[PDB]
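Asks: Mind looking over this structure? Questions follow.
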RNA sequence: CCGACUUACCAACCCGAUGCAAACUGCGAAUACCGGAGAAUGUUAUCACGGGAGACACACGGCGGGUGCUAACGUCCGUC
RNA sequence: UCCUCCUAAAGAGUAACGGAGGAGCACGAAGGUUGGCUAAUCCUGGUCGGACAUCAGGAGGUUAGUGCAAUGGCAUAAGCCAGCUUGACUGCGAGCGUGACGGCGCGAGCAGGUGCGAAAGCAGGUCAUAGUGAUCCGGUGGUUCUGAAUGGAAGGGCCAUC
RNA sequence: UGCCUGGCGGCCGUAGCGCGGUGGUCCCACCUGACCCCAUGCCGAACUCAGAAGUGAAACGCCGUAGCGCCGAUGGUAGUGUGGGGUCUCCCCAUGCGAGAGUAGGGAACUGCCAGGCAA
RNA sequence: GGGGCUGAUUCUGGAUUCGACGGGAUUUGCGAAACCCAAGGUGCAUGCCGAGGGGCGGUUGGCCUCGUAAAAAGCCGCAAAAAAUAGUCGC
């Protein structure tokens with residue numbers, strides 16, 4: 002397993018995000034999809050959820066879950082977040098290495114107007 | 007051949023549950039990590055849990071492995 | 001003779017003997033002698049109690065000892081003053097609570113076993129009695 | 001990609017006709033070999049390891065891989081973190097042609113060949129063997145080399161039982177004497 | 001899988017000297033002409 | 003004890019120094035650490051001193 | 001000599017059962033001590049600052065123990 | 001003298017020529033950060049090699065490790081490797097803990113100045129608790145702060161330190 | 001709305017194991033393809049990208065399963081706050097507090113939100 | 001009765017009795033002990049029985065032997081078992 006073993010790496014960031022009580026920016030990487038959510042500091046309610054799974058968002062590309070398709074929803078989520086007036090999140094690695102698509106998801110979220 | 011010992015360190019709890027203390031007031035002196043940090047509680051160099059801000063000291067147990075927590079609710 | 005093989009501490013505290021037996025009733029054999037008084041038994045007392053009790057049947061059956069000294073008890077030398085260290089070990093007693101079955105025998109007639117432990121009762125210091133195998 | 005194309009179609013239907021695999025993901029696949037040359041005696045001198053790696057040096061892509069001691073042993077005169085052995089983890093695609101360099105042409109190069117055992121398993125069904133020397137490989141010419149250096153060669157397949165790993169060796173003409 | 005420490009490679013074309021040819025990618029060096037093949041290995045008799 | 007005390011004086015214009023201990027028997031070369039200088043209020047290198 | 005059979009038993013690790021521990025605890029009291037709320041009662045019983053001291057040889061009785069021989073009007077600590 | 005367990009009677013504390021052990025150092029890396037990872041010990045198989053190397057697969061579960069003794073803890077690892085650094089920084093410090101006192105400990109946060117990461121974040125030493133001596137005296141560097149009629153000096157003060 | 005899945009949590013062993021079944025439309029995992037992004041004290045095992053032909057084997061999810069772990073009274077029992085007593089190294093009685101383990105039993109969870117797919 | 005020191009030249013760590021003998025394997029060649037497959041040999045055999053055993057009595061609880069009964073092997077005590085098994089010196 003590489004998934005449940007990844008979780009304990011994410012916990013140190015996940016402990017830190019609630020210990021200092023900041024709104025986080027979570028990721029989840031699938032072979033053919035990418036995911037992006039914004040979750041409230043209370044730790045049980047998700048405010049902004051914009052992923053490629055939705056049928057009205059996937060059809061903008063041929064293959065979802067690659068770098069340009071990951072940036073397609075990275076731009077959208079902060080637009081939905083800033084439409085709620087959100088101006089502070091910290092990017093959560095969610096155990097994923099900040100090199101590839103989950104960096105490219107974070108690049109578009111930087112491009113949408115949010116600061117992290 | 008024996009009798010050599012040390013002077014005790016006065017460890018243990020300094021403030022009990024429900025007590026309201028100001029920021030920087032030491033909650034529990036301990037060697038290991040018998041009480042872990044919840045909210046508004048930081049571990050020092052020697053795991054000295056201190057009150058980070060105003061409020062009342064609350065003792066609870068949470069976590070997957072049932073780790074005790076000192077937390078502060080700002081009252 | 002009984003003595004702890006490869007024990008941990010040479011010297012331990014004197015301690016009190018309070019409470020009742022944490023060993024209830026007849027488990028191993030079929031007939032047992034249960035101590036009634038409260039006190040302690042030296043390891044010298046046990047073997048001479050084991051010797052004379054086994055003397056009655058001379059080989060027959062087996063005798064289940066339910067106890068063990070497991071306690072070094074010290075004594076200062078003769079004609080030395082108080083303190084000056086802790087006294088060294090001499091002999092090993094067993095802290096005995098009331099209602100503790102000391103020795104268990106199986107493989108004898110009922111009446112022969114009666115004097116088999118009664119002769120073992122005279123060797124042992126504390127007043128004690130006989131019990132049968134318990135039912136459930 | 002020589003024998004994998006023989007594995008791709010002919011062996012696959014040979015497997016499901018042998019053990020009735022309902023799925024094409026339960027037929028075992030070879031995944032790696034462990035070409036490990038644990039010389040050992042290089043504890044005192046470096047070049048007993050360095051040329052051993054250099055005698056190992058002609059199988060996989062590049063330079064030869066060093067290993068380290070697991071802990072410190074008095075009898076084998078070693079301390080913790082000691083460069084002692086040299087190994088190979090030949091997993092993936094570059095390893096499939098090596099079998100034809102080993103299981104076909106290095107087989108008739110053994111001094112007084114008789115056969116290899118069929119009762120050597122890790123419990124799960126992956127075969128481990130150790131060649132007594134290294135000279136049977138084509139890369140060694142007995143000109144510049146100096147040793148009869150032996151090396152454990154463990155093949156690890158995805159066999160769910162011991163007979164399947166025997167069978168997955170048997171599906172590629174293994175010499176079961 | 002990783003870079004640069006797996007015991008060296010070089011493609012050669014080989015041919016055993018008994019009328020049986022085994023010409024696969026190898027790692028020997030320049031080339032090598034073999035002597036005995038699997039088909040002439042006496043395990044059959 | 004063998005870690006005899008040394009001095010880490012600054013390449014800056016001050017005469018100030020950090021003071022610490024090194025094992026000059028085992029690590030023969032001098033120490034080079036860019037600490038904070040208080041007088042310059044800047045980061046400058048420190049070499050060993052006696 | 002082979003060399004099989006047998007044996008009180010010497011007899012591991014695993015299973016089940018049986019007891020002991022101040023320096024064993026997966027279990028866990030009484031009371032103890034701290035914080036908050038409240039009411040009755042008490043010549044402020046609470047604490048602070050200043051003037052003045054004496055005292056720092058304790059003793060037995062009770063329980064908690066160390067030690068001793070669970071011997072001592074013994075010794076050493078807790079607490080009344 | 002200092003440190004750890006017990007005696008100690010579940011707050012802390014608590015003695016005897018009571019029971020047991022450790023310290024008078026080690027580390028510029030065994031420090032800081034980020035990234036990454038998880039042991040003990042078995043049996044299965046395998047060239048020398050067998051009981052012990054190296055290698056593979058499973059059991060197993062931290063019985064491992066944690067500079068060093070015990071205790072407390074630690075995988076979110078405090079264990080382990082890699083990468084880049086010197087936060088082993090200075091001026092403070094609300095706040096408490098603790099001893100008669102001297103003294104010691106913990107501390108977010110503020111100013112300046114740095115490293116890591118992209119980022120919130122972390123770092124003013126080591127997982128913690130021993131690894132140490134008050135003052136006087138004088139040594140060394142920096143500072144006009146003072147410097148006896150004055151210009152300076154000497155000598156002191158201060159700050160760093162021996 | 002329901003059935004599912006995925007993501008993030010509350011509680012965290014009635015919540016966990018072992019074993020008996022199921023799922024690939026969707027999702028998820030396996031997967032294929034790897035110069036280049038990037039990875040490496042080694043070989044696209046992990047990490048990384050590009051894709052999605054095959055697959056539900058395995059993982060995972062749910063259903064079954066007490067073969068175990070686990071929660072577990074009631075009464076009795078041990079101890080003890082005081083108050084007295086005894087043949088006072090240990091007990092009794094008055095009241096007050098009340099286990100540990102064991103016993104009948106319970107147990108293979110529940111829970112909050114958000115987005116997709118399928119049925120209404 | 002107690003305390004200290006000394007306790008194999010190392011007094012703080014890396015034995016290499018240079019050697020037959022004792023343990024382990026390695027390598028070699030193949031042996032019912034390092035072995036099985038009835039097939040290449042190959043027709044009249046094996047076990048239960050009965051039987052007695054080199055000069056003696058026995059002796060594998062089984063062996064050279066006995067086609068239903070008087071002769072034969074390894075070996076036990078028997079016994080061809082050895083003896084200044086280094087010197088040099090005495091009467």
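Protein chains in written order, with the authors' numbering: chain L18, 2 to 117; chain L27, 7 to 81; chain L16, 1 to 136; chain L05, 1 to 177; chain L31, 1 to 45; chain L33, 3 to 52. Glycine included, every Cβ here is placed at the ideal spot set by N, Cα and C.
What would DSSP say about residue 67 (chain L27), mapped onto helix, strand or coil?
Replies: strand
Asks: Return the first residue and the last residue of the beta strand (DSSP E) that residue 40 (chain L05) is part of.
Replies: It is not in any beta strand (DSSP E) - residue 40 (chain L05) carries neither H nor E in the DSSP assignment.
Asks: Secondary structure at residue 39 (chain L18), three-state DSSP: helix, strand or coil?
Replies: strand
Asks: Determine whether the Cβ of residue 97 (chain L05) lies closer than 9 Å to any Cβ atom of chain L31.
Replies: So, interface residue.
Asks: Alpha carbons only, please: which of 25 (chain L18), 53 (chain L18), 6 (chain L18) and 104 (chain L18) is nearest the one belonging to residue 74 (chain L18)?
Replies: 53 (chain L18)
Asks: With distances taken between CB atoms, is the gap from residue 90 (chain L05) to residue 33 (chain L05) smaller than 9 Å?
Replies: yes
Asks: Pairing CB atoms from the region 103-118 of chain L05 with CB atoms from the region 31-38 of chain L31, are three or more of them under 8 Å?
Replies: Result yes; three or more Cβ-Cβ pairs closer than 8 Å.
Asks: At least one CB of chain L05 closer than 9 Å to the CB of residue 29 (chain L31): is that the case?
Replies: yes
Asks: Out of curiosity, what's the CA-to-CA distance linking residue 13 (chain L18) and residue 25 (chain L18)?
Replies: 13 Å
Asks: Output yes if chain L31 places a C-beta closer than 9 Å to the C-beta of residue 158 (chain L05); else output no.
Replies: no
Asks: Taking the beta carbon of residue 55 (chain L05) as the centre, do at least 16 other beta carbons fall within 10 Å, making it buried, or is it exposed?
Replies: Residue environment: residue 55 (chain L05) is assigned as buried (16 or more neighbouring CB atoms within 10 Å of its CB, all protein chains considered).
Asks: Distance check for residue 72 (chain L05) and residue 25 (chain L33), CA to CA, integer angstroms please.
Replies: 27 Å
Asks: Report yes if the CB atom of residue 49 (chain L05) is closer than 9 Å to the CB atom of residue 83 (chain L05), and no otherwise.
Replies: yes
Asks: Restricting to runs no shorter than 3 residues, where is the beta strand (DSSP E) found entirely within the region 86-132 of chain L16?
Replies: Qualifying beta strand (DSSP E) stretches, in chain order: 89-96, 100-106 and 128-132.
Asks: Taking residue 96 (chain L18) as the reference, give the member of 28 (chain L18), 20 (chain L18) and 2 (chain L18) with the closest Cα.
Replies: 28 (chain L18)
Asks: In angstroms with no decimal places, state the Cα-to-Cα distance between residue 38 (chain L27) and residue 30 (chain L27).
Replies: Straight across, the Cα-Cα distance linking residue 38 (chain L27) with residue 30 (chain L27) is about 20 Å.
Asks: From this set, 99 (chain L16), 93 (chain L16), 56 (chain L16) and 12 (chain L16), which residue's C-alpha is nearest residue 113 (chain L16)'s C-alpha?
Replies: 56 (chain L16)
Asks: Return helix, strand or coil for residue 10 (chain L27), following the three-state DSSP convention.
Replies: coil
Asks: Contact check, residue 66 (chain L05) vs residue 86 (chain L05) under 8 Å by CB: the rounded distance?
Replies: 6 Å
Asks: Among the candidates 36 (chain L33), 42 (chain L33), 35 (chain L33) and 34 (chain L33), whose CA atom is the shortest distance from the CA of residue 15 (chain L33)?
Replies: Residue 15 (chain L33) has its Cα closest to that of 42 (chain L33), out of 36 (chain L33), 42 (chain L33), 35 (chain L33) and 34 (chain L33).
Asks: Below 9 Å between beta carbons: does that hold for residue 69 (chain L16) and residue 42 (chain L16)?
Replies: yes
Asks: Assuming residue 146 (chain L05) is part of the alpha helix (DSSP H), what are its boundary residues?
Replies: Where residue 146 (chain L05) is concerned, there is no enclosing alpha helix (DSSP H), given that its DSSP letter is neither H nor E.
Asks: Between 37 (chain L18), 57 (chain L18) and 55 (chain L18), which lies nearest to residue 48 (chain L18) when the distance is taken from Cα to Cα?
Replies: 37 (chain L18)
Asks: In three-state DSSP terms, what is residue 47 (chain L05)?
Replies: helix
Asks: Could you pull out every residue in the same chain whose Cβ sits closer than 7 Å to the Cβ of residue 20 (chain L27), ignoring the five residues on either side in sequence?
Replies: 32, 33, 34 and 35
Asks: With a threshold of 8 Å, are at least 3 pairs of Cβ atoms found where one atom belongs to the region 126-145 of chain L05 and the other to the region 19-34 of chain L31?
Replies: yes
Asks: Show which residues of chain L31 have a CB atom less than 8 Å away from the CB atom of residue 88 (chain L05).
Replies: 6 and 7
Asks: Could you tell me the alpha carbon to alpha carbon distance between residue 2 (chain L31) and residue 64 (chain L05), rounded to whole angstroms?
Replies: 13 Å
Asks: For a contact meaning CB atoms closer than 7 Å, what does residue 43 (chain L31) contact in chain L05?
Replies: Chain order gives the chain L05 residues near residue 43 (chain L31) as 175, where near means a beta carbon separation below 7 Å.
Asks: Under 9 Å Cβ-Cβ, which residues of chain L31 neighbour residue 111 (chain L05)?
Replies: Residues of chain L31 passing the Cβ test: none, with the nearest at roughly 13 Å.
Asks: Which residues in the same chain as residue 96 (chain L05) place their Cβ atom closer than 7 Å to its Cβ, once the five residues preceding and following it in sequence are excluded?
Replies: 1, 2, 3 and 4
Asks: Would you verify that the beta carbon of residue 192 (chain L05) is, or is not, closer than 9 Å to some beta carbon of chain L31?
Replies: Residue 192 (chain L05) lies beyond the residue range present for chain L05, which begins at 1 and ends at 177; the question has no answer from this structure.
Asks: Does residue 50 (chain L18) come out as helix, strand or coil in the three-state DSSP assignment?
Replies: strand
Asks: Going by Cα to Cα distance, which pick from 109 (chain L16), 102 (chain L16) and 93 (chain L16) is closest to residue 17 (chain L16)?
Replies: 93 (chain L16)
Asks: Check whether the Cβ of residue 17 (chain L31) lies closer than 9 Å to any Cβ atom in chain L05.
Replies: no
Asks: Measuring CA to CA, which of 167 (chain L05), 125 (chain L05) and 133 (chain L05) is closest to residue 112 (chain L05)?
Replies: 133 (chain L05)
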